[PDB]
Protein chains: 2
Amino acid sequence: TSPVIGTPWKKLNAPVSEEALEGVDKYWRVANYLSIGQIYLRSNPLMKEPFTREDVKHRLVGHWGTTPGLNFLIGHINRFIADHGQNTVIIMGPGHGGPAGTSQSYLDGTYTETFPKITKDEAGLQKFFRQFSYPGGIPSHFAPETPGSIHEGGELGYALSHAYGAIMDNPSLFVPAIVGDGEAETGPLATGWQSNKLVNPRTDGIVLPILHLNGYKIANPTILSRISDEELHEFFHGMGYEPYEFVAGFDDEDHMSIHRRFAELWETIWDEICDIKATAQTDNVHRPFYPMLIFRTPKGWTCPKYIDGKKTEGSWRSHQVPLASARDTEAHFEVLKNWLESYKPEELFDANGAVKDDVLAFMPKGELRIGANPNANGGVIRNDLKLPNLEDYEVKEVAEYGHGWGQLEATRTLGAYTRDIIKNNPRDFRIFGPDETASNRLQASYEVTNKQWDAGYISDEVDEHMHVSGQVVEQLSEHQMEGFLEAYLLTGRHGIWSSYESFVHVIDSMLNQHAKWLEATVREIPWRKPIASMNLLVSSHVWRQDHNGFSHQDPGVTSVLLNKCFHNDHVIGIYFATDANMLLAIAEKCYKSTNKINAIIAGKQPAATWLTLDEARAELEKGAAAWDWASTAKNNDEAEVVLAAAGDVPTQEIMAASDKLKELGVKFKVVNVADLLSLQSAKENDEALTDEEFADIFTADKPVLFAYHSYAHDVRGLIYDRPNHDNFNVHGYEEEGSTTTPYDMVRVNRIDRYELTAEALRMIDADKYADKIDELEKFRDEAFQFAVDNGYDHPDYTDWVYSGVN
Amino acid sequence: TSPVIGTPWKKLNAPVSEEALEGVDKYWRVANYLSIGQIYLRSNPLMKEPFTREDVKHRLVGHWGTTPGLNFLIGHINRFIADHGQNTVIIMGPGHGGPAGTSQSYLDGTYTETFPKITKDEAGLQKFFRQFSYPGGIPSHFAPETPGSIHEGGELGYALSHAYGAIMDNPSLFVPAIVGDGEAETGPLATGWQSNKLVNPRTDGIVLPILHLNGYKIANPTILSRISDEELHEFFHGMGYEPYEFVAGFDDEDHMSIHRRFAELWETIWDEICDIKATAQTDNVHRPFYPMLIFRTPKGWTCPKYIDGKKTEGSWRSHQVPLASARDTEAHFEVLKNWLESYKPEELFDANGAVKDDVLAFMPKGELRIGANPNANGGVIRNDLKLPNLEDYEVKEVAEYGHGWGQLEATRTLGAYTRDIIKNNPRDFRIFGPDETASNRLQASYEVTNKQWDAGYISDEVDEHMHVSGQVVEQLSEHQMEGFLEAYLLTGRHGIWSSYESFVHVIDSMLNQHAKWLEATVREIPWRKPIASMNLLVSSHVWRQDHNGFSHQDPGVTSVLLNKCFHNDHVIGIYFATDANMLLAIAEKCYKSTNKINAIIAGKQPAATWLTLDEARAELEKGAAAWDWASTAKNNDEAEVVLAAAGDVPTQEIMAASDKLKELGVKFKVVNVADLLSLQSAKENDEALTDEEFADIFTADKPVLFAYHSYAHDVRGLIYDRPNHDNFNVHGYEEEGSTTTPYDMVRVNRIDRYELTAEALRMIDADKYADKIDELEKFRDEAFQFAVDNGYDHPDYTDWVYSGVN
Ligand SMILES: Cc1ncc(C[n+]2csc(CCOP(=O)(O)OP(=O)(O)O)c2C)c(N)n1
Ligand SMILES: Cc1ncc(C[n+]2csc(CCOP(=O)(O)OP(=O)(O)O)c2C)c(N)n1
Ligand SMILES: [Mg+2]
Ligand SMILES: [Mg+2]
């Protein structure tokens, strides 16, 4: 559960003290000095003479155009957290301002705790300076290695979705979400503005969006900064916000005059937020206007105004590095030396090199710190889900009526299971879906919870299962759902989210980024505890898009997921639910797991059930298993072909083809691969099937016919070094489809039962079976003409039931 | 060039006639009847008795929740185009309202022209009804097979970007962009609202956004419909629009009263647009507020109000199909019969079954029609680029100083070439980039054009190369850039767009969709003429992300591009520019091509040049070629290894390793693969290298060491059936990186020169070369410790120049 920390939502009821703002100004100066020492210096952190070009880095990498503004905001937020005792997580949208975050971690004392070799003295300062963006050092962005970070910020557009996710079901947590003005042009964040219509001020926390409007992107100005102030305020008010505006640094006003002004504006905003929270305890049915801060400052605000006669401060020329070579001229080194001395570090550091005590007296202590806040490290919060007994949801008719029974929909079983998980776990488990929960048949959870909706209600003929609080969030944006769930998991909670297969590509970037958060975490960051897994139910898949057609058919999610399987990280799982029982086993395993991205590919269509629960779990631990009840060959020597399958429709076609093969006396084996990554190379993947086990499943000399859900490229690229891999003949999706009957969909991809039987016959003896092969091939065309003439699939195809049903 | 059609931007200066609105109402009724006959009927289109359940489709697929609103808007737009003679292309954002578009194509006469077997009589109406969403029929969405369509609309969020792209450099074209209210929640379209700050009213056309606010998504209401009207107008005004609002169908007002009211509102909006256009001829430096229409209607507006006691009209229950089974009960069939008779088709069709003449008298004729407009079929507009002589831009120093000369940046050559293409082709070629044109070194085009920017200007110390008109558009959104370019090509123009490699994933969906527009076009749609290719310069690639690090390294674009290579469509090209000359040849070939997606992967870093222009073109036509100047073995028999490469950094490492191999007497071959898809299976890909050519390039028995830009999975999945494929040892990206020196980046991926030399030595004789292998392995660690100690890469690595430089 999310803990209550400090004294939440308290008003100051006093002026901001002068001593605190003294401390805030000194903090800002020292944070800018650290952020510059990191970029430029490799030695001599405190500029003991001789300070020469020997002390400067050979290759200057990093960013400065956002760092002083971030340091300003972070120092003021630190004063605020010390004063109010607020439970606060900062989300840094422009993550390229990494030196700001590392300077915070260093100054609040958490960096030395996490990394003991970076001491708080001259040698520790030298190591801290050298390690930024260095061989064998720390990254340039706001990284998982950086304490106090739940968001990398490298790939832009997801500060707001992550903020609204982090506050969900989390009522005491305050999140200032700093948003770059260039990042605000990206598609994800524009729609992430509208997510205050999906949170409740009573049951969820408060997100304060700080638009960091410094006017410029890389080498280009931002649209928001160059439209009129009337337009900007009108725009933010049309999205349910009260815009506040702060402008600074565009004239010669004294720094204290700026710190004081920001203190009054900040306390005004805090009082509006506290009023909203206090009102929500009585009335939470009508939405408030949350304050949001527009923070207009010059880009690179403390750097030299002009360098080489080019406007540097207040321009895009300060984005990455002013003084691109302070190492190769004497004039640029003098500019750099003057820039470092303009902060007066001589008074901010003591003799031994530690930041002076009066510079950090205004700082929060203990669990209130940014790097120490448990919501930033959501693995220490996390507790296991309390799971219902799986046998309660098993489809038992397979156990007595025989394999292949029924016309059930696989995802309804997961719906019931997830409903009871929600029942056992309220306020820790949440279901997201881009308008598609009821189309993936996960609506059984409406028996115990509602869709959280905080826009207007109009009627009850149209607004069923909607409520101002709920455990089902549903907005038509995959970016929103994925950012919500990722921030939900990163804070310590659990969740599933469902989607159409073809639109998972919309978040290929986001998944990639999350994998990079996991790949980095499992490799080099032990102090970050495991978080829950990102569970993605992929349904309404390529083979059954009757209503939509070719635009909704693209199973390429498997390929993008296969690219993140390296160095024994195991941060990826791709599971194929052949039926409801296998889906139960997969979902149980996935809900128990940690630090992974689990894509469970299950169909919503009426499909037969093949396994019992014990059989499903037994197939699960191996990933691939032989179906002894479907095989006609007792041992590996007898079979004239191995028929392997991965996916519900490929499984159905393999089984129907096996029925026809039985009538011709063909001895074959039947294999089902539930988990794709078990087929990976044994030396590469230590949790994949060993080579002996793989050869036992697939006969070394005998041909293997493989029917696969996605593109066959993904199977062939995975088994390349496996034994008997030359004989594998993968049949997968082949970018051929439309709106048409279900048999046609598999016909045009050469994955129907007739084509599979003909493929197996050709693997054995093309000459002996020539007449039967011809008969099958002309039957495919007759059965297509049947669907054209009559509008539905052939009775031979529709009515087929497996021979193993009693 | 974009043609001027009709009489653009003319005011009516008269009331809308009563006869025209009579026609508009009759059109709306007949369009609704056709849109229902398509979904529900397979026979008896005009309901001659006996009209029985025999006449209804077995499987009812399709959508209705948006179709009557679309028919309303389209009929009114048709009256408008007939009256004003406007050059108009409609972009249908909710593309699942396909029956509306097909009903338009049928009613304006273009459908019979394109498809002669769908006549305009009873049999033709029966075929038109049966073919919708049928085996062997037409798709459900607004498809390339549908005349008058440039946008599929299946995957949501790109109606607005496509509209603003279609009007760019196109001053007489009017685009009403119909936007679904659910689609408006998606991330892409939220930022596509802000694209009126990137178009000029003088040089570009006018986009009118029609928000089709029917209140509901699939099974969920929309955020925009449930916020206050004040908020909605404030929101649209903060984005530079004047909101107009129309509300209809929510009471018992007469249909004519609605058509009249809409006529008046539409002419008011048109007069504001015409005022904007006339003002722009004198003043185009200050941005106007373009009108946008908010079209509030009930979802499924003419369907039965209640079915099964559930609110159907004005609800989300009417999204796909009311009466999910009008075939399986008699009551539902009676509901359907009453629904069809409520339009009074008895007076809309004549005896022979044609739509009556007075129903379509108000319709536009000739080139003004939606299905006949040349901007919808942008292949008939298209003309070839006038290309500068390639030899003008060749890097000639390779020809005299020897291969491997220099430290040039490859993309600057493309910058100059593209600059001269822009010079020869203004107002037909355009450069897009998500804030990254100057970071990919394409800024040479600023010598002949400017960045188009129509927000505010503040200074000239920061606003260089910006102008209210230009051929370089640059917004920080990959969705925006890709939609702009796709609508630019679909209208008949040409373009390039550049991006970081890691963020191309942001548009994996969009590329997929465009490939589906091309796969469908090259297979079954001959009447659609070829459009220019989508040219994507992928730069700032994985191997040289010094400033950014792990968050900016993901070369997975190659994998998603490989999934669209089927059935000899050739709609995909993946090219690796090994140096500037190869880049010139690739870019020339790509600019000449049609109906393709060409990803050109080129580095912006200082890299050596290896080929002359003639050599580069000679490598180009084959895709892969042997470097005879780098090989030490004269024939295929002598070589003890083949070193193949694809990519500038892999090429550099192969060449440096070849230098070390030369010192040990190893006989080897050197191969460079410029085009990835030539390595594909010969039987699958008729334009790939034949099997004999492939075996000639790669020795059958000899091991092949392959250094590859992207993940090795993509190489292994492509050569699976090729000869000698067992001996291939692909070395690619392995998700291991950070901010560090360039040698470290290739060190941690086992793709550096030392590791490649050791790999080749192990392929030959591990025992004989054991000491040398050990020496190489410990040198890698020494050269990494050098970078850690000193901050830059080893002199042995940095200073290395190929031995072939004179
Ligand atoms: C989607 C995406 N496209 C491009 C980039 C490359 N990039 C890194 S930083 C940056 C500019 C930062 O813009 P803004 O939000 O205005 O930041 P600030 O002014 O704080 O530097 C860009 C385009 C990215 N990180 N993500
Ligand atoms: C990105 C994306 N996510 C999901 C879908 C699935 N989908 C198809 S139609 C639809 C609802 C249409 O919403 P809206 O724009 O409100 O349309 P309308 O009210 O006109 O039906 C959805 C979610 C999609 N096409 N694209
Ligand atoms: Mg900015
Ligand atoms: Mg809608």
Side-chain angles (χ1 to χ4, degrees), chain A residues 63-67 69-70 93-97 141 153-159 178-189 212-222 224-225 297 299-300 316 318-320 434-436 439 476-479 499-500 502-503 506 509 540 547-548 551-552, chain B residues 63-67 69-70 93-97 141 153-159 178-189 212-222 224-225 299-300 316 318-320 434-436 439 476-478 499-500 502-503 506 509 540 547-548 551-552:
Chain A
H63 308 79
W64 172 258
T66 185
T67 296
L70 293 182
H96 48 276
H141 284 39
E155 190 276 331
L156 296 182
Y158 317 108
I178 303 161
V179 170
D181 55 348
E183 159 188 27
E185 292 178 355
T186 58
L189 190 150
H212 174 56
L213 189 80
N214 53 18
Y216 305 96
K217 306 188 287 285
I218 304 170
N220 189 359
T222 68
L224 286 188
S225 45
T297 61
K299 187 153 188 163
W316 52 260
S318 53
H319 177 73
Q320 280 180 352
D435 189 57
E436 293 179 353
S439 199
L476 182 43
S477 168
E478 304 69 55
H479 304 282
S499 173
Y500 279 23
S502 58
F503 305 132
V506 168
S509 62
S540 297
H547 286 273
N548 299 318
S551 64
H552 287 63
Chain B
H63 308 79
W64 172 258
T66 185
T67 296
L70 293 182
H96 48 276
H141 284 39
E155 190 276 331
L156 296 182
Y158 317 108
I178 303 161
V179 170
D181 55 348
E183 159 188 27
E185 292 178 355
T186 58
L189 190 150
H212 174 56
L213 189 80
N214 53 18
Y216 305 96
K217 306 188 287 285
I218 304 170
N220 189 359
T222 68
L224 286 188
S225 45
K299 187 153 188 163
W316 52 260
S318 53
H319 177 73
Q320 280 180 352
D435 189 57
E436 293 179 353
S439 199
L476 182 43
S477 168
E478 304 69 55
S499 173
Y500 279 24
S502 58
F503 305 133
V506 168
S509 62
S540 297
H547 286 273
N548 299 318
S551 64
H552 287 63

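Just so you know, these numbers use all the heavy atoms, side chains as well, and skip hydrogens, waters and symmetry mates. Lettering of chains follows the sequences in order, A, B, ..., and the numbering in each one begins at 1. Indexing begins at 1, ligand by ligand and atom by atom, following the structure's order.
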Is it true that a side-chain atom of [X] and a backbone atom of [Y] form a donor plus acceptor pair closer than 3.5 Å?
{"X": "A:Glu478", "Y": "A:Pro434", "value": "no"}
{"X": "A:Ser318", "Y": "A:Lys299", "value": "yes"}
{"X": "B:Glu183", "Y": "B:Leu156", "value": "no"}

Just checking: [X], one of its N/O/S atoms, less than 2.8 Å away from the Mg ion (ligand 3), yes or no?
{"X": "A:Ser225", "answer": "no"}
{"X": "A:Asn214", "answer": "yes"}
{"X": "A:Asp181", "answer": "yes"}

Close residues (non-hydrogen atom under 4.0 angstrom from ligand 1) work out to A:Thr66, A:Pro94, A:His96, A:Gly154, A:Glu155, A:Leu156, A:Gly180, A:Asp181, A:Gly182, A:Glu183, A:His212, A:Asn214, A:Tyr216, A:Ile218, A:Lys299, A:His319, B:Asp435, B:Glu436, B:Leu476, B:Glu478, B:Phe503, B:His552

Closest non-hydrogen contact found for B:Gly93 with B:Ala159 is CA-CB, 3.6 Å

Between B:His141 and A:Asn548, the two heavy atoms sitting closest are ND1-O, 3.5 Å

*Angle class for the B:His552/B:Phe503 ring planes (parallel below 30°, perpendicular above 60°, tilted otherwise)?*
perpendicular

| request: Specify whether B:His63 and B:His319 have parallel, tilted or perpendicular ring planes, treating 30° as the upper limit for parallel and 60° as the lower limit for perpendicular. | output: perpendicular

